[PDB]
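Participant: Dumping the structure here so I can ask a few things about it.
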Amino acid sequence: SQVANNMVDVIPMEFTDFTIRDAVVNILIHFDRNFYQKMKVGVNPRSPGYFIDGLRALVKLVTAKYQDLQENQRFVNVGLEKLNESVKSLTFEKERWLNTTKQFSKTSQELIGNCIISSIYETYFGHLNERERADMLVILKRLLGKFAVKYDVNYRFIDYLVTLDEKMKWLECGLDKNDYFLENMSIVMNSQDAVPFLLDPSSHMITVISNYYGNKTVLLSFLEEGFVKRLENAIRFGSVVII
Amino acid sequence: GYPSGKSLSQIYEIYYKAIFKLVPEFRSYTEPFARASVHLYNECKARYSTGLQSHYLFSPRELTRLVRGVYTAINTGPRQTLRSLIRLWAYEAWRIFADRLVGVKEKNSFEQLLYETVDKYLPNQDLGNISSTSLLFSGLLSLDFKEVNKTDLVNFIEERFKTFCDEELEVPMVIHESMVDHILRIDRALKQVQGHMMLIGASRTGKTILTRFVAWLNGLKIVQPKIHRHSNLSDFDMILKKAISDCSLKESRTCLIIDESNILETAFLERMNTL
Amino acid sequence: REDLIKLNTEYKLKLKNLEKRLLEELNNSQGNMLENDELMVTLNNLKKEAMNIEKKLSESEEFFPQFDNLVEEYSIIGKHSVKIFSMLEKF
């Protein structure tokens, strides 16, 4: 809690039901406590890591989402001044557009708790099973249910962090159709504050990322002789490397 | 074999007798200290066995560790109240018997034991919270080894960590209750003539960073073996040889951080043993 | 199922694509003739599109609980099939 608090010291947030910062930190602790308790087996070999990186994902994600919520709120406010200047038959329906204006407050209510789920997916879920992910999500959602944070009930990790332009780009390279494989690719790309470890039997992934970075893609393996030097050349001139 | 539990009590009386030449006002307190130290030993040996954890292994060397750990605090501390000395004794008792303890059920067991022992041999109402978190002793703030204020220490670390953050490798962290207690633990270790501490920290706890820090406070060259998949024993030998030659023939004062990853073969660890 | 989440995101991207088209022409054809009207008949088509979303959101609240009712039966099918694959994998 001491560490969590100082990491979310930066305060994007606004008043909620119930404290707001105090709630967020208590969730993440109760999630980390539930993650290792359900998933990991063996007696107390492993300890807090994902927790730090889960907080770091949230900070990067709230900042990215609150600045984009305020950007779309600015896009409907600039359209409000332009329709009022004009006032004719259809334009008064457009003015009515307070349904959207009313909608924004409800959208902003859930963005803090939506970022909680998105960060947890990026950090805790990467190596979990189709069923293992879904089941933890429920424990997270019911934790979000106990605490007075609002989340989107009809929420989908893919649609929330993937853009249709990127989702097309990935498949074009040759990523598989599956939801599981989409989430995985999203987890790899979206957050790169840390090096990703891709595990796939069929090295079909080693080509996917190659198609995406093209010429820039320089391939190495920890086993080759020239590895020691070839990485130093890859780092010096911005080469995208897969090991 | 081991002696008596009644010879041990007697032998360390003579040990306390010698060190209480420096606090003559408590010359009458040597016997109940010697009896308490032995009691603490007998109990730790009994409560924490190799059945729970393999490293739970106690011997009169602990006693000797404690008795000397007590002297060094006195020989370089403020003139001492009885409330000082028992807390001085209690600090060493914690670092000698309980730092090795895993988890919390056993760690709290010792807190109660330490309380139980003082009450049985040194009956005072002047004691405070005897938990390790509450007794913090240092020579970072004072010129004499003295119990320091929690508020005074945290701020002192904060001003020195920024400096260490600026001067050395740039990595920001949150300085917290555990970390202050641990900074002093490494500090005492790195101060003693032979200073060897092995830290058991899971990962990302920060054990490697604190070590670099406290070494920097003590003014130690931080050597970290540059090993890799294609490192030979000869490489590590060279790393070791230099660090040794610099320590005697250049008077260097190096702190060698060895991670578990660095021991690549049996021999690498054997080299560390010989050292 | 596929078009439900597809046209959810597509119409909202086209709602953002048409808002940009409206603002581009409103600033260009303020000194010109009333061209904005030629995009306003496309904005008249948007009265299907804005309310198409409302049409789809209404049927979603009807589709989702039926989708979740159909997961159970297939779970009954699903649980046996893995145990069978496990067995054939083990050979």
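Following the order of the structure tokens, chains are lettered A, B, ..., residues in each are numbered from 1, and ligands are numbered from 1.
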Name the residues in contact with residue 209 of chain A at a cut-off of 9 Å, using only C-alpha atoms, excluding same-chain residues fewer than 6 positions from it; report them as a list in words.
Facilitator: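 The neighbour list is residues 170, 173, 217 and 242 of chain A.
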Participant: Just want the 12 Å neighbourhood of segment 55-66 of chain A, counted on only C-alpha atoms, with same-chain residues fewer than 6 positions away dropped. Output as a VMD selection string.
Facilitator: chain A and resid 1 3 to 14 24 to 29 31 to 32 48 to 49 72 to 73 104 107 to 124 160 to 161 187 190 to 194
Participant: Excluding same-chain residues fewer than 5 positions from residue 86 of chain A, what lies within 12 Å of it counting only C-alpha atoms, as a ChimeraX atom specification?
Facilitator: /A:79-81,91-92,94-95 /C:26,30,36
Participant: Can you spit out the residues from that selection as a PDB file, in the first residue's frame, using N, CA and C atoms?
Facilitator:
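Output file result-v8.pdb follows:
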```pdb
ATOM      1  N   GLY A  79     -18.494  21.726 -31.517  1.00  0.00           N
ATOM      2  CA  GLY A  79     -19.656  21.524 -32.380  1.00  0.00           C
ATOM      3  C   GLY A  79     -20.930  22.136 -31.815  1.00  0.00           C
ATOM      4  N   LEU A  80     -20.935  22.398 -30.506  1.00  0.00           N
ATOM      5  CA  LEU A  80     -22.048  23.061 -29.804  1.00  0.00           C
ATOM      6  C   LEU A  80     -22.088  24.567 -30.082  1.00  0.00           C
ATOM      7  N   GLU A  81     -20.905  25.168 -30.214  1.00  0.00           N
ATOM      8  CA  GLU A  81     -20.761  26.587 -30.537  1.00  0.00           C
ATOM      9  C   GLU A  81     -21.043  26.867 -32.017  1.00  0.00           C
ATOM     10  N   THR A  91     -31.323  20.659 -37.951  1.00  0.00           N
ATOM     11  CA  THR A  91     -30.273  21.124 -37.041  1.00  0.00           C
ATOM     12  C   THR A  91     -30.671  21.177 -35.567  1.00  0.00           C
ATOM     13  N   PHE A  92     -31.971  21.242 -35.265  1.00  0.00           N
ATOM     14  CA  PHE A  92     -32.392  21.262 -33.855  1.00  0.00           C
ATOM     15  C   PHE A  92     -32.393  19.880 -33.191  1.00  0.00           C
ATOM     16  N   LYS A  94     -29.780  17.959 -33.902  1.00  0.00           N
ATOM     17  CA  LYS A  94     -28.339  17.972 -33.640  1.00  0.00           C
ATOM     18  C   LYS A  94     -28.023  18.707 -32.346  1.00  0.00           C
ATOM     19  N   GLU A  95     -28.710  19.824 -32.135  1.00  0.00           N
ATOM     20  CA  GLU A  95     -28.611  20.576 -30.892  1.00  0.00           C
ATOM     21  C   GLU A  95     -29.036  19.718 -29.708  1.00  0.00           C
TER      22      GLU A  95
ATOM     23  N   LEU C  26     -18.082  22.962 -43.604  1.00  0.00           N
ATOM     24  CA  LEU C  26     -18.691  24.137 -42.952  1.00  0.00           C
ATOM     25  C   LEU C  26     -17.766  25.360 -42.925  1.00  0.00           C
ATOM     26  N   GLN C  30     -18.672  28.333 -46.214  1.00  0.00           N
ATOM     27  CA  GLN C  30     -19.374  29.409 -45.520  1.00  0.00           C
ATOM     28  C   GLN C  30     -19.447  30.675 -46.407  1.00  0.00           C
ATOM     29  N   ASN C  36     -23.075  22.794 -47.756  1.00  0.00           N
ATOM     30  CA  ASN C  36     -23.239  22.045 -46.506  1.00  0.00           C
ATOM     31  C   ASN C  36     -24.507  21.189 -46.514  1.00  0.00           C
TER      32      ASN C  36
END
```
Participant: What are the residues of chain C that have an atom within 10 Å of an atom of chain A, counting only C-alpha atoms, as JSON, numbers by chain?
Facilitator: {"C": [5, 6, 8, 9, 10, 13, 16, 19, 20, 22, 23, 26, 40, 41, 43, 44, 47, 61, 64]}
Participant: Between atom CA of residue 132 of chain B and atom CA of residue 171 of chain B, what is the distance in Å, rounded to a tenth?
Facilitator: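 Computing it gives 27.6 Å between the two atoms.
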Participant: Can you list, as a compact mmCIF listing (two decimals) with N, CA and C atoms, in the first residue's frame, every residue of segment 9-223 of chain B that DSSP puts in helix (DSSP H, G or I)?
Facilitator:
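New file out.txt:
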```txt
# COMPACT_ATOMS: atom_id res chain seq x y z
N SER B 9 25.96 -20.25 30.34
CA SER B 9 25.53 -19.12 31.13
C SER B 9 26.71 -18.48 31.88
N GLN B 10 27.54 -19.34 32.44
CA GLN B 10 28.72 -18.93 33.17
C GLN B 10 29.79 -18.34 32.28
N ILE B 11 29.95 -18.88 31.08
CA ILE B 11 31.04 -18.47 30.21
C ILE B 11 30.78 -17.06 29.69
N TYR B 12 29.52 -16.78 29.34
CA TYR B 12 29.16 -15.47 28.80
C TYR B 12 28.97 -14.38 29.86
N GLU B 13 28.85 -14.79 31.13
CA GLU B 13 28.94 -13.86 32.26
C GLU B 13 30.30 -13.19 32.24
N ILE B 14 31.34 -14.00 32.07
CA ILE B 14 32.73 -13.52 32.00
C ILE B 14 32.97 -12.70 30.76
N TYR B 15 32.14 -12.93 29.75
CA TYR B 15 32.16 -12.15 28.51
C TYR B 15 31.52 -10.83 28.69
N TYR B 16 30.40 -10.81 29.41
CA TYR B 16 29.74 -9.56 29.72
C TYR B 16 30.56 -8.76 30.76
N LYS B 17 31.18 -9.46 31.71
CA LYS B 17 32.03 -8.87 32.71
C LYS B 17 33.11 -8.01 32.06
N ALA B 18 33.80 -8.58 31.09
CA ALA B 18 34.78 -7.85 30.30
C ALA B 18 34.25 -6.61 29.55
N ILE B 19 33.08 -6.71 28.94
CA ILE B 19 32.56 -5.59 28.16
C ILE B 19 31.88 -4.56 29.04
N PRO B 24 30.58 0.77 33.81
CA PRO B 24 30.77 0.26 35.17
C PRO B 24 29.55 0.45 36.06
N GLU B 25 28.61 1.30 35.65
CA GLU B 25 27.43 1.62 36.43
C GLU B 25 26.42 0.49 36.39
N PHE B 26 26.67 -0.50 35.52
CA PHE B 26 25.78 -1.65 35.36
C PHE B 26 26.51 -2.97 35.50
N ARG B 27 27.66 -2.92 36.18
CA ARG B 27 28.50 -4.08 36.51
C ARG B 27 27.70 -5.21 37.20
N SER B 28 26.65 -4.81 37.91
CA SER B 28 25.74 -5.74 38.60
C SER B 28 24.74 -6.39 37.64
N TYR B 29 24.66 -5.86 36.43
CA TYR B 29 23.77 -6.39 35.41
C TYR B 29 24.36 -7.47 34.48
N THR B 30 25.63 -7.85 34.69
CA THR B 30 26.28 -8.82 33.78
C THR B 30 25.67 -10.20 33.88
N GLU B 31 25.34 -10.65 35.08
CA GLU B 31 24.76 -11.99 35.21
C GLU B 31 23.35 -12.13 34.60
N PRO B 32 22.44 -11.17 34.85
CA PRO B 32 21.14 -11.44 34.27
C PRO B 32 21.15 -11.25 32.73
N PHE B 33 22.15 -10.54 32.20
CA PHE B 33 22.32 -10.42 30.75
C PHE B 33 22.81 -11.74 30.16
N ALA B 34 23.82 -12.33 30.80
CA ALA B 34 24.38 -13.62 30.43
C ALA B 34 23.34 -14.75 30.54
N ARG B 35 22.49 -14.68 31.54
CA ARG B 35 21.45 -15.65 31.71
C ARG B 35 20.33 -15.47 30.68
N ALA B 36 20.07 -14.22 30.31
CA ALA B 36 19.06 -13.89 29.31
C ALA B 36 19.51 -14.32 27.89
N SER B 37 20.77 -14.02 27.57
CA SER B 37 21.36 -14.37 26.27
C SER B 37 21.31 -15.86 26.03
N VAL B 38 21.68 -16.62 27.06
CA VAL B 38 21.60 -18.07 27.01
C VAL B 38 20.17 -18.60 26.94
N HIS B 39 19.27 -17.93 27.65
CA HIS B 39 17.88 -18.28 27.57
C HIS B 39 17.33 -18.08 26.15
N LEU B 40 17.72 -16.96 25.55
CA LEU B 40 17.24 -16.61 24.23
C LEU B 40 17.73 -17.62 23.20
N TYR B 41 18.97 -18.04 23.41
CA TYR B 41 19.60 -19.03 22.58
C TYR B 41 18.91 -20.38 22.71
N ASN B 42 18.71 -20.83 23.94
CA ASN B 42 18.07 -22.10 24.20
C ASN B 42 16.68 -22.12 23.60
N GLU B 43 16.03 -20.97 23.59
CA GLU B 43 14.68 -20.93 23.10
C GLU B 43 14.63 -20.87 21.59
N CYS B 44 15.48 -20.06 20.98
CA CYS B 44 15.49 -19.99 19.53
C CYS B 44 15.82 -21.33 18.92
N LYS B 45 16.81 -22.02 19.51
CA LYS B 45 17.23 -23.35 19.09
C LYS B 45 16.07 -24.35 19.15
N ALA B 46 15.24 -24.19 20.19
CA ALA B 46 14.03 -25.00 20.41
C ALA B 46 12.80 -24.63 19.55
N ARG B 47 12.49 -23.34 19.45
CA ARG B 47 11.35 -22.87 18.66
C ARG B 47 11.53 -22.97 17.13
N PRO B 60 26.54 -21.99 20.16
CA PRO B 60 27.11 -20.94 20.97
C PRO B 60 27.85 -19.87 20.15
N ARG B 61 28.07 -20.10 18.87
CA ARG B 61 28.65 -19.05 18.05
C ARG B 61 27.70 -17.85 17.98
N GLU B 62 26.39 -18.11 18.00
CA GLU B 62 25.37 -17.04 18.07
C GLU B 62 25.55 -16.19 19.29
N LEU B 63 25.75 -16.87 20.40
CA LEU B 63 26.00 -16.24 21.69
C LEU B 63 27.20 -15.31 21.61
N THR B 64 28.29 -15.83 21.04
CA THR B 64 29.53 -15.11 20.86
C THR B 64 29.31 -13.91 19.91
N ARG B 65 28.38 -14.11 18.97
CA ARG B 65 28.05 -13.09 17.97
C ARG B 65 27.34 -11.95 18.64
N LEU B 66 26.41 -12.34 19.49
CA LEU B 66 25.62 -11.43 20.27
C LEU B 66 26.47 -10.66 21.27
N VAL B 67 27.32 -11.36 22.00
CA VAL B 67 28.13 -10.73 23.03
C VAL B 67 29.07 -9.72 22.43
N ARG B 68 29.67 -10.06 21.30
CA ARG B 68 30.57 -9.14 20.62
C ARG B 68 29.81 -7.99 19.97
N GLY B 69 28.67 -8.33 19.35
CA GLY B 69 27.76 -7.34 18.76
C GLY B 69 27.34 -6.29 19.77
N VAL B 70 27.14 -6.73 21.03
CA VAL B 70 26.85 -5.86 22.19
C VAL B 70 28.05 -4.95 22.50
N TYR B 71 29.23 -5.50 22.74
CA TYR B 71 30.45 -4.68 22.94
C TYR B 71 30.68 -3.58 21.92
N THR B 72 30.67 -3.93 20.64
CA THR B 72 30.95 -2.97 19.57
C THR B 72 29.97 -1.78 19.63
N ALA B 73 28.71 -2.04 20.00
CA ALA B 73 27.72 -0.97 20.21
C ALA B 73 28.03 -0.04 21.39
N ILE B 74 28.48 -0.65 22.47
CA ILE B 74 28.91 0.05 23.70
C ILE B 74 30.18 0.83 23.42
N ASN B 75 31.25 0.15 23.00
CA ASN B 75 32.55 0.75 22.70
C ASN B 75 32.47 1.92 21.73
N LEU B 82 20.23 1.98 31.67
CA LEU B 82 19.81 0.57 31.72
C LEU B 82 18.78 0.29 30.66
N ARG B 83 17.98 1.29 30.36
CA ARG B 83 17.02 1.16 29.31
C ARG B 83 17.69 1.11 27.95
N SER B 84 18.81 1.81 27.80
CA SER B 84 19.67 1.75 26.61
C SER B 84 20.20 0.33 26.42
N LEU B 85 20.96 -0.15 27.41
CA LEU B 85 21.68 -1.41 27.29
C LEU B 85 20.77 -2.58 26.96
N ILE B 86 19.62 -2.71 27.61
CA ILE B 86 18.70 -3.82 27.29
C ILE B 86 18.24 -3.67 25.84
N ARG B 87 18.02 -2.44 25.37
CA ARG B 87 17.56 -2.21 23.98
C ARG B 87 18.70 -2.44 22.98
N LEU B 88 19.92 -2.06 23.41
CA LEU B 88 21.17 -2.32 22.71
C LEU B 88 21.37 -3.83 22.53
N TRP B 89 21.05 -4.56 23.59
CA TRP B 89 21.15 -6.01 23.68
C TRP B 89 20.06 -6.60 22.81
N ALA B 90 18.88 -6.01 22.90
CA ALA B 90 17.74 -6.48 22.14
C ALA B 90 17.93 -6.30 20.62
N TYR B 91 18.67 -5.26 20.23
CA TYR B 91 18.91 -5.02 18.82
C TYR B 91 19.74 -6.12 18.25
N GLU B 92 20.81 -6.45 18.96
CA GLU B 92 21.73 -7.48 18.55
C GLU B 92 21.01 -8.80 18.56
N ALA B 93 20.18 -9.03 19.57
CA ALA B 93 19.38 -10.26 19.67
C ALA B 93 18.50 -10.48 18.45
N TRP B 94 18.01 -9.39 17.90
CA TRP B 94 17.15 -9.47 16.74
C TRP B 94 17.93 -9.84 15.51
N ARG B 95 19.11 -9.19 15.35
CA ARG B 95 19.95 -9.30 14.14
C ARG B 95 20.66 -10.63 14.08
N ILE B 96 20.82 -11.26 15.24
CA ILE B 96 21.59 -12.50 15.38
C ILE B 96 20.64 -13.69 15.28
N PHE B 97 19.49 -13.60 15.90
CA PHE B 97 18.61 -14.74 15.96
C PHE B 97 17.42 -14.69 14.98
N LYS B 105 4.74 -15.82 11.41
CA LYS B 105 4.30 -16.56 12.60
C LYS B 105 5.46 -16.82 13.56
N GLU B 106 6.60 -17.19 12.97
CA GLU B 106 7.86 -17.40 13.67
C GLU B 106 8.50 -16.06 14.07
N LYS B 107 8.35 -15.03 13.24
CA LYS B 107 8.95 -13.72 13.51
C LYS B 107 8.29 -13.04 14.68
N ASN B 108 6.99 -13.26 14.81
CA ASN B 108 6.22 -12.71 15.93
C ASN B 108 6.45 -13.50 17.20
N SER B 109 6.70 -14.80 17.03
CA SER B 109 7.07 -15.71 18.10
C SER B 109 8.31 -15.22 18.85
N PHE B 110 9.30 -14.71 18.11
CA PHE B 110 10.51 -14.16 18.70
C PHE B 110 10.22 -12.84 19.41
N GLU B 111 9.30 -12.04 18.87
CA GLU B 111 8.98 -10.78 19.52
C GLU B 111 8.47 -11.05 20.93
N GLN B 112 7.66 -12.10 21.05
CA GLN B 112 7.05 -12.47 22.31
C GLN B 112 8.10 -13.07 23.22
N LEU B 113 8.96 -13.92 22.65
CA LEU B 113 10.09 -14.52 23.39
C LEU B 113 11.04 -13.48 24.01
N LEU B 114 11.41 -12.46 23.22
CA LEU B 114 12.29 -11.39 23.66
C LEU B 114 11.64 -10.66 24.81
N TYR B 115 10.33 -10.43 24.69
CA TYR B 115 9.55 -9.81 25.77
C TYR B 115 9.54 -10.68 27.02
N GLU B 116 9.31 -11.98 26.81
CA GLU B 116 9.27 -12.99 27.87
C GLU B 116 10.59 -13.12 28.63
N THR B 117 11.70 -12.90 27.93
CA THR B 117 13.04 -13.03 28.51
C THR B 117 13.44 -11.85 29.36
N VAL B 118 13.13 -10.63 28.89
CA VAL B 118 13.48 -9.42 29.64
C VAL B 118 12.69 -9.41 30.95
N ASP B 119 11.41 -9.78 30.85
CA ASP B 119 10.50 -9.85 31.99
C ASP B 119 10.96 -10.84 33.05
N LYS B 120 11.62 -11.93 32.60
CA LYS B 120 12.13 -13.00 33.47
C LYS B 120 13.52 -12.71 34.10
N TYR B 121 14.34 -11.86 33.48
CA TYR B 121 15.72 -11.63 33.95
C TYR B 121 16.08 -10.19 34.25
N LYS B 150 12.87 7.64 14.25
CA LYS B 150 12.28 7.15 12.99
C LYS B 150 12.11 8.26 11.96
N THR B 151 11.66 9.43 12.43
CA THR B 151 11.46 10.63 11.59
C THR B 151 12.80 11.23 11.13
N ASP B 152 13.74 11.31 12.07
CA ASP B 152 15.10 11.74 11.77
C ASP B 152 15.83 10.83 10.75
N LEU B 153 15.63 9.51 10.83
CA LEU B 153 16.28 8.54 9.91
C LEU B 153 15.72 8.59 8.49
N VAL B 154 14.39 8.57 8.38
CA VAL B 154 13.70 8.48 7.07
C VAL B 154 14.13 9.66 6.18
N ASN B 155 14.17 10.84 6.79
CA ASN B 155 14.57 12.08 6.13
C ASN B 155 16.02 12.06 5.72
N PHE B 156 16.86 11.44 6.56
CA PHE B 156 18.30 11.30 6.29
C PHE B 156 18.55 10.37 5.10
N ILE B 157 17.78 9.29 5.00
CA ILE B 157 17.86 8.36 3.88
C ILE B 157 17.37 9.06 2.60
N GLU B 158 16.27 9.80 2.73
CA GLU B 158 15.66 10.50 1.61
C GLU B 158 16.61 11.50 0.93
N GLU B 159 17.38 12.24 1.74
CA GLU B 159 18.35 13.19 1.20
C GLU B 159 19.59 12.52 0.62
N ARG B 160 19.89 11.31 1.10
CA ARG B 160 21.06 10.58 0.64
C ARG B 160 20.74 9.69 -0.56
N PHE B 161 19.49 9.27 -0.68
CA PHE B 161 19.09 8.41 -1.80
C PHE B 161 18.99 9.22 -3.09
N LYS B 162 18.46 10.45 -2.99
CA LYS B 162 18.42 11.35 -4.14
C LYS B 162 19.82 11.59 -4.67
N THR B 163 20.75 11.83 -3.75
CA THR B 163 22.16 12.02 -4.04
C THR B 163 22.77 10.79 -4.71
N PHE B 164 22.56 9.63 -4.11
CA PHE B 164 22.94 8.34 -4.68
C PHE B 164 22.20 8.09 -6.02
N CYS B 165 20.94 8.52 -6.09
CA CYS B 165 20.20 8.46 -7.34
C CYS B 165 20.86 9.40 -8.37
N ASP B 166 21.17 10.64 -7.99
CA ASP B 166 21.85 11.57 -8.92
C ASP B 166 23.27 11.15 -9.29
N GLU B 167 24.08 10.85 -8.28
CA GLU B 167 25.51 10.54 -8.48
C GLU B 167 25.77 9.20 -9.19
N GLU B 177 8.78 1.70 5.29
CA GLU B 177 9.12 1.16 6.62
C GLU B 177 10.07 -0.05 6.60
N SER B 178 9.83 -1.00 5.70
CA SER B 178 10.70 -2.18 5.62
C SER B 178 12.13 -1.79 5.26
N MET B 179 12.21 -0.84 4.34
CA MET B 179 13.46 -0.52 3.71
C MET B 179 14.43 0.18 4.68
N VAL B 180 13.89 1.01 5.58
CA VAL B 180 14.73 1.67 6.58
C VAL B 180 15.33 0.61 7.51
N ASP B 181 14.48 -0.31 7.99
CA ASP B 181 14.94 -1.40 8.86
C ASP B 181 16.05 -2.22 8.18
N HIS B 182 15.88 -2.46 6.88
CA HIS B 182 16.86 -3.22 6.11
C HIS B 182 18.14 -2.48 5.81
N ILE B 183 18.07 -1.15 5.69
CA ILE B 183 19.25 -0.35 5.38
C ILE B 183 20.28 -0.46 6.53
N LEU B 184 19.78 -0.37 7.77
CA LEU B 184 20.57 -0.57 8.99
C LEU B 184 21.14 -1.98 9.12
N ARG B 185 20.34 -2.99 8.78
CA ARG B 185 20.80 -4.39 8.77
C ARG B 185 22.00 -4.62 7.86
N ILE B 186 21.94 -4.14 6.61
CA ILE B 186 23.09 -4.20 5.69
C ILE B 186 24.26 -3.34 6.18
N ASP B 187 23.91 -2.21 6.79
CA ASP B 187 24.90 -1.27 7.29
C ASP B 187 25.77 -1.93 8.37
N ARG B 188 25.14 -2.62 9.33
CA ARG B 188 25.88 -3.28 10.42
C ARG B 188 26.79 -4.37 9.88
N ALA B 189 26.28 -5.06 8.87
CA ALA B 189 26.96 -6.18 8.26
C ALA B 189 28.20 -5.63 7.59
N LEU B 190 28.00 -4.65 6.71
CA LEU B 190 29.11 -4.07 5.95
C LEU B 190 30.10 -3.31 6.82
N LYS B 191 29.73 -3.03 8.08
CA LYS B 191 30.65 -2.36 9.02
C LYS B 191 31.62 -3.38 9.70
N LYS B 207 16.36 -5.81 -3.20
CA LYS B 207 17.54 -6.22 -2.45
C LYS B 207 18.84 -5.80 -3.18
N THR B 208 18.89 -5.91 -4.51
CA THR B 208 20.13 -5.54 -5.21
C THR B 208 20.42 -4.03 -5.17
N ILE B 209 19.36 -3.22 -5.23
CA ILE B 209 19.51 -1.74 -5.18
C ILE B 209 19.94 -1.19 -3.81
N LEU B 210 19.34 -1.69 -2.73
CA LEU B 210 19.70 -1.30 -1.36
C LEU B 210 21.15 -1.61 -1.06
N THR B 211 21.60 -2.78 -1.52
CA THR B 211 22.97 -3.20 -1.36
C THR B 211 23.91 -2.20 -2.02
N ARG B 212 23.61 -1.81 -3.25
CA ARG B 212 24.43 -0.82 -3.94
C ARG B 212 24.48 0.51 -3.17
N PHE B 213 23.34 0.86 -2.58
CA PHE B 213 23.21 2.08 -1.80
C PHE B 213 24.04 2.09 -0.52
N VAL B 214 23.79 1.10 0.34
CA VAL B 214 24.41 1.07 1.66
C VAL B 214 25.93 0.94 1.48
N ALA B 215 26.35 0.31 0.38
CA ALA B 215 27.77 0.14 0.09
C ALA B 215 28.38 1.47 -0.25
N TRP B 216 27.57 2.29 -0.92
CA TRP B 216 27.97 3.61 -1.33
C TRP B 216 28.07 4.54 -0.10
N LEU B 217 27.18 4.33 0.89
CA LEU B 217 27.21 5.08 2.16
C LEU B 217 28.40 4.72 2.97
```
Participant: In Å to one decimal, how far is atom CA of residue 16 of chain A from atom CA of residue 150 of chain A?
Facilitator: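 Between atom CA of residue 150 of chain A and atom CA of residue 16 of chain A the gap works out to 8.9 Å.
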